[PDB]
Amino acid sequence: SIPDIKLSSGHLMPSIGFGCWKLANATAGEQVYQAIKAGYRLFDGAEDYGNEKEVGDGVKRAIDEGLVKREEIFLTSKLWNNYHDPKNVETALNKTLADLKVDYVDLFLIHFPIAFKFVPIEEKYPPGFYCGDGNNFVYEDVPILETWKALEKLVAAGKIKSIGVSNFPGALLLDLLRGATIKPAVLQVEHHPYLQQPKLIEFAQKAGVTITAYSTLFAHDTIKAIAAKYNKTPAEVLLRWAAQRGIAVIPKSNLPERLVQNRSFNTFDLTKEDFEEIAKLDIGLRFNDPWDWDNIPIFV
């Protein structure tokens, strides 16, 4: 029921995954386990989410019980900002693998094109905005390609199956494509009716990169109207709006009951007119902006 997208690495990736972002440590295990029972196969996690250990727990139970084999599960994790220096990339990956309790992750993304000063795992984990000096932000002069080459080496070592990037604007993705031997397979970005960035999506897809979207639009008349038109929920329309254009999604909800719903929404088609209508909602509203952290010019 869940369509797969074949990445440039040659590996298949579920077009619909279960977001681990903000999953409470106390229940993350259960929630992941149940998600797997509800049929979810891809789990979008990250070092910064601070719950990879618990996510590994859920996966391990499912596997120990025989519900799935490791090779039927797609694990995505992301390299946090403090670990961009080549000598630390593997340190962060090992922490992720040991928490997840697996020998390799299916997808490892550069979480942000931002290099915070390295912070030892035992000093603070996940470090978040901490850069080893009170509340001050401290950076490292580590170009993106240096971090990328480190990741390419980890793919060769068999610890990561596919690599990609998150929150990369077009000019940066373009330059990376110029120096990468293993092309970034995925571009994960904030994506929704108020931040459509149609030119970025188009350029990435034509370059072979697969797009994954993360993140009231439920009350908006355009969405409500189109939902009513197909007798679908507004959430269903938003997910199909992306799915239909070949974009993988990580449903923002997934409240126990909504599990099965949020993964079987591909039962209708939006038309050209529908797409043009939704396109008018694009106001360039970006909720996840590093400019707000420390005036980091990623999106300016």
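The first residue of the shown sequence is 1; numbering continues from there.
Extent of unmodelled deposited sequence, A92 relative to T91 | Nothing is missing between them.
Average Cα temperature factor in the PDB entry - higher stretch of 201 to 209, 224 to 232 | Taking the mean B-factor of the alpha carbons in each, 224 to 232 is higher.
Per the entry, where is the mean C-alpha temperature factor higher: 185 to 193 or 132 to 140?
-> Higher mean C-alpha B-factor in the PDB entry: 132 to 140.
Per the coordinate record, which of the options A248, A46, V55, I36 holds the highest CA temperature factor?
-> Answer, based on the entry's C-alpha B-factors: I36.
Can you pull the Cα B-factors for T147, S166, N82, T216 from the entry and say which is highest?
-> The C-alpha B-factor peaks, among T147, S166, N82, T216, at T216.
Classify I5 as lowest, middle or highest third according to the C-alpha B-factor given in the PDB entry, relative to its own chain.
-> Middle third, going by the recorded CA B-factors of the chain.
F287: which third of its chain by C-alpha temperature factor?
-> For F287, whose C-alpha B-factor we compare with every modelled residue in the chain, the answer is the middle third.
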